[PDB]
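The primary structure of each chain is shown beneath.
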Amino acid sequence: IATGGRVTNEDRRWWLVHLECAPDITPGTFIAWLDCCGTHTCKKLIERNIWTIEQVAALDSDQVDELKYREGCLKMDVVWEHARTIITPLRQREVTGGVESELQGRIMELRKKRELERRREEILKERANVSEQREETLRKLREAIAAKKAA
Amino acid sequence: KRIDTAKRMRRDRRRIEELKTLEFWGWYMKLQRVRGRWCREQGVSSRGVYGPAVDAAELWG
Amino acid sequence: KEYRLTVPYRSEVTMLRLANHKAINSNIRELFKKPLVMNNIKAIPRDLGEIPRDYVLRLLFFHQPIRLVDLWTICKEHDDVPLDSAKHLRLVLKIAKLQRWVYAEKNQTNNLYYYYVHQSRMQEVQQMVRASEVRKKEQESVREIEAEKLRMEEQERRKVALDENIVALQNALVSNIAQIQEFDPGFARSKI
Amino acid sequence: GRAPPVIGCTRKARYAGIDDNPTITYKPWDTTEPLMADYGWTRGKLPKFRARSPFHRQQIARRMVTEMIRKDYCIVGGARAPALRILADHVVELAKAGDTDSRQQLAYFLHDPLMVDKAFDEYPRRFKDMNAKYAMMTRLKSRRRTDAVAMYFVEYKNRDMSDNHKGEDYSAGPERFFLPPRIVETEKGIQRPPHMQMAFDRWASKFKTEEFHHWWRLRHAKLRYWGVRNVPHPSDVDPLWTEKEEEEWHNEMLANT
Amino acid sequence: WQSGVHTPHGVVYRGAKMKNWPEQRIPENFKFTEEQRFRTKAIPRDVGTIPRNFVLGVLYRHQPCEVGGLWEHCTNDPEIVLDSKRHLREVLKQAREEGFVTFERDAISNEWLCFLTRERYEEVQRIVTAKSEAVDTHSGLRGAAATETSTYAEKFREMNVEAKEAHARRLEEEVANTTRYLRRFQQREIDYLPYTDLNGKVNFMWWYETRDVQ
Amino acid sequence: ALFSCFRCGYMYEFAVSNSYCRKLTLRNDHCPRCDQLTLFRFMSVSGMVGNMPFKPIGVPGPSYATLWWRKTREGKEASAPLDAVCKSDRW
Amino acid sequence: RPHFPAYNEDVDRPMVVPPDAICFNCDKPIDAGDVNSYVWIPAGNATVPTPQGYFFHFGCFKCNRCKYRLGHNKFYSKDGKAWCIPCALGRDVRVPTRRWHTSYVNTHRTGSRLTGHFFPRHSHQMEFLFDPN
RNA sequence: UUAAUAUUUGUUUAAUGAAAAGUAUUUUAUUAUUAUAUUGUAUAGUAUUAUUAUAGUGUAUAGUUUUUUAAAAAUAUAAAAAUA
Ligand SMILES: [Mg+2]
Ligand SMILES: [Zn+2]
Ligand SMILES: [Zn+2]
Ligand SMILES: [Zn+2]
């Protein structure tokens, strides 16, 4: 993300609406997922013992200044703003997963699973029954051939 | 005489080259040993501008 | 002038093709490409004599007959073969024909090798190979006896190895006891 | 949708800007990584100095970077100077990264593993407090007489923060090419790393033999037979290294400690 | 190597530690992304003379070994030089490439065992004996202590076969106990420094020291 | 490239760049089995160090001998005795 | 055009100089790797004597009966000694016009390198690579 | 005059003994061994320091060390897509 030099409400809304495109991202995921988090930034954060988006969001402005003007992290402000912007829905995902659960429901989850297994069993039962009918028709052909040979 | 002289010259050249290569490898190993000693004494580590925490993480090798 | 040579990052095959130096373990094909008066590559030393002769004699008396390609494939199928190429096989068979060991008779459309001149000596060599196989079986029985002897020797080795383990662990134990006595001798005096 | 008025990658002029139109264009390799850049006359590429082929150009670049890391500076000519400066920046970037892949890449590129080690030892601590532009390029007012090409002095910036080359003076070269470089009067008591000192001592003692004097006179004879002017006769030449000169140079080296 | 990112939380390897490597605490909610876990690159361990000799000494102590209990035996060994199970696996691979040890599979227990090759068994025995003599020369004791140790060694030698086996089991379990106790007082620091050989290849030179921790 | 020891046949792999084309035929390298400096010969060919222009990283690629040499020392039947101790994918 | 591979791969069966190594005409020990004064003729066979190829000295690679060089650089093993084809076939002793007591042959299997065993050795070795197992 | 011309441009060496040919001021060229007078050892040719390894033996890892230049047209080589 460019941000043109400063993080704005449009960038925060961008991150918020892109949070849908990452359902498996928890508040405890690694720091390389945040935008503009290069290898230098990630190594400096690991030196600071920062392995988590929560630990990035819990940083202080003085620590961010130290990381940006004494360590060499250019987009440290952008990484920190991204973390602070996305940290609040991540806590909800971790504690309950509200936006992920209230829209589907365990009832619909189990319904989908049961219908999936029933359809998968029916697909094979169709072939089982058609093979049974084929064997029955083969036996009927054998009986008809025996009758014709007797005739 | 030509055959024997040529073979002897080539053999002696090969042996001198082997000795030279062995000595140079030994000297380079001693050089690396002295370099490691000096780096450990002065605190220099050729593991980047970072500290030992990055190597402990060993996410980059 | 070559694109592979002008390319900034040369491949290993491209660097091999530049090994025109007459040296040990060099590019033999790139050194053979240049004339014989330029490259010092003498004729191929092909080992002839009884070593390939008896081998091909056994392998041919087994089948009696086989074509040249079939003989080469059957030989290559094995592991130990004194023959390096089908041309080597051809030269060995030609020398054997000259010495009246094998004779090649042409069928409707192909040639097959047979043993008709030394058929008695061929059967003698086959019986010698069979007796060598029987001696190999007897040596395998002797190797089973020597394996029982080696099991006894391995029991002795296990004895000396457990003795070495005891004398080592006792050394490690006393070293650790000395270290613990240096640090806090209370645990050392408790263990005695 | 339609196509641009000029479709496909068409070579533009040297000073023509970008077009910013949808065009399927592929790069030869990933040039974003250090020492893997491409040479060209567009702005996205390094200025390709003259060479018989891209392979020859890369070989020239490798020897340039090797000598640059060796003696902390290099006097080059023409379009070689921007490429040398950018590649020195790339080397410093790899050294500050300090990965095993970075070590292996700098070893693949350089001609000297000892120089690879020297770079990875010195450059991190030397340019830890710098963001970019680790090398300085100065266009000289004197030109190479043979081809009238513009000369450029390329060097590294943090001279004082370095272990080697601490206090070295480049206003004038040494007395001999095998002697240690000049040192300012203020930094006379400086000390060099022992491994680099031993390497330099070995390379310098290489030239203290009589076979080198024979090579020197034979080079005089060769360049005189090849038509090169202002080359004296091997009878009039004199050795670069003698006993009394070596004695006084050893005295000066012990003075500089 | 950290306890949370490279291994599940709560586990720890009782072995030599790397010098100046901080054992920083990683939160429990830490998890790697499926794409980020692929591009992880570990530093190369030391498969050199000291680690291969240590592993060969363990494999000579336990004749034969099994790949499951090999790490436990290495941890019980007093002078452990291995860093972790990755270092152990790399040293095993190097020994297999050099031909010191071979890997077989028992058809009874369906498990992989590590046997010592017949051609290299003599060199392994020589290395073990040299290491024993070096440990004896380095170990310090008074006259009475040396006399008591010699008497105990003579008694263990004069003991019977099964008596010697039970004595060896007791001795190795007491060695394991005293090593677990002494580890709390001192550890083994492994230090490394990369360099490049004349062939342009990057390899590390390693030092192994012992440092007291209180 | 893949090199073997002249004395014992120990084999190790290492890519050769354009700065070491002179050392592609014969390498004077320290042998871990011989425990001293031995001469190494060129055995099989690897792809390359750099990249072929407008060609992927796989081009050209190693020969069948290099691919077979790797598969015998690291693969399904090779890492199976080693997957029970550490499972290299993990620590 | 040459129709033979270069740098024969010995990954299937490595061809190395043995520690103990005697001659065929001489039955005396030779230098192992320090000097290439010997002549190595490898064929990938453990057949006695001197498995994975016998060895000859440069000076002694000559026929043992007539003490002369070889015609086409091809010797004949005769009860442990190396003879020439005119000697083995029973023809008269022919003095060559060229060098008498030494033959044109390279050192350290350089002349016998372009022919022999290459990669792959057997058919079951290729299917080992192309199969996932 | 062409001619502000064409042409040259010296930044990286993979190979080993004669004779014809060449006479270039080898100041004592070599320093010695053996024995035994005398005699002679360095450099081609194609009008040149030129597309040039004179193939008489012989075999070999000594890297056995002179090729400028910052965009273009035409031309010369080499490569040149999931179109035919
Ligand atoms: Mg001429
Ligand atoms: Zn070896
Ligand atoms: Zn011989
Ligand atoms: Zn003969």
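Residues numbered from 1 in each chain as written, not as in the entry; some residues may be left out. Chains lettered and ligands numbered in written order. Part of a larger assembly, values for the part shown. Heavy atoms only, no water. Residues with missing side-chain atoms left out of burial classes, pairs and counts.

cryo-EM is the method the PDB entry states for this structure, with the resolution given as 3.1 Å.

1. Digging into the sheet that holds strand β5 (residues 186-196) of chain E
Strand order in the open sheet formed by three strands is β1-β5-β6 (chain E), and the pairing between neighbours is mixed. Each end of this open sheet is capped by a strand with a single partner; those strands are β1 (17-18) and β6 (202-212) of chain E. Bridge count for β1 of chain E against β5 of chain E is two bridges, and the pairing is parallel. Of the residues in β5 of chain E, the one forming a bridge with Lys17 of chain E is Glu189 of chain E. Each of β5 and β6 of chain E is contacted by helix α1 (residues 2-42) of chain B, which is oriented at about 125° to β5 of chain E, the strand it contacts most. (Pairing = 2+ DSSP bridges. Helix = DSSP H or I, 4+ residues; strand = E, 2+ residues; numbered from the N terminus. Contact = heavy atoms within 4.5 Å. Axes fitted to C-alpha atoms, helices over the stretch in contact; angles between N-to-C directions.)

2. Description of the packing of aromatic side chains
If you walk through the whole model with that rule in mind, you get 54 aromatic pairs over all chains. Both rings, one in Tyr9 of chain C and one in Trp29 of chain D, keep their centres 5.2 Å apart while their planes meet at 85°; by these two values the pair is edge-to-face. Note that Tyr9 of chain C is positioned in the loop between α1 (3-6) and α2 (12-16) and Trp29 of chain D in the segment before β1 (39-40), a pairing that runs across two chains. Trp29 of chain D shares its class with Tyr9 of chain C; the two are buried. Judged by centre distance (5.8 Å) and plane angle (35°), the ring pair of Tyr108 of chain D and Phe14 of chain F falls under tilted. Pair noted here: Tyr108 of chain D is in helix α3 (residues 100-109) and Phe14 of chain F is in the loop between β2 (11-13) and β3 (26-31), and the two residues belong to different chains. One aromatic cluster in this structure is built from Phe177, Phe178, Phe200, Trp203, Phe207, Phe212, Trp215 and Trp249 of chain D. The cationic tip of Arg103 of chain D hangs over the ring face of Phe120 of chain D; the distance from NZ or CZ to the ring centre is 4.9 Å. (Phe/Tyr/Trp six-rings, centres within 6.5 Å; stacked < 30°, edge-to-face > 60°. Buried < 20%, exposed > 50% of the residue type's maximum accessible area, 1.4 Å probe, protein only. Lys NZ or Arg CZ within 6 Å of the ring centre and 35° of its normal.)

3. Quick notes on the coordination of the zinc ion (ligand 2)
Residues and elements named next belong to chain F. Within the protein, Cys5 (SG), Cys8 (SG), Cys31 (SG) and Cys34 (SG) serve as the donor atoms for the zinc ion (ligand 2), at 2.3 Å. Coordination at the zinc ion (ligand 2) is tetrahedral: its four donor atoms span angles of 108 to 111° at the metal. Taken in chain order, the donor set of the zinc ion (ligand 2) reads C-x2-C-x22-C-x2-C. Judged by relative accessible area, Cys8 falls into the partly exposed class, the value being 26%. (Donors = N, O, S within 2.8 Å, 3.2 Å for Na, K, Ca; no water. Tetrahedral: all angles 85-135°; square planar, octahedral: opposite > 155°, others 65-115°.)

4. Examining the sheet that holds β2 of chain F
Residue and element names in this part refer to chain F. Reading across from one edge, β2-β1-β4-β3 is the order of the four strands in this open sheet, with antiparallel pairing throughout. The open sheet is flanked by β2 and β3, the only strands paired with a single partner. Neighbouring strand axes in the sheet, compared pairwise and without regard to direction, differ in orientation by 40° on average. As paired elements, strand β1 (residues 2-5) and strand β4 (residues 36-44) share four bridges and run antiparallel to each other. Its bridge partner lying in β4, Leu2 is registered against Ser44.

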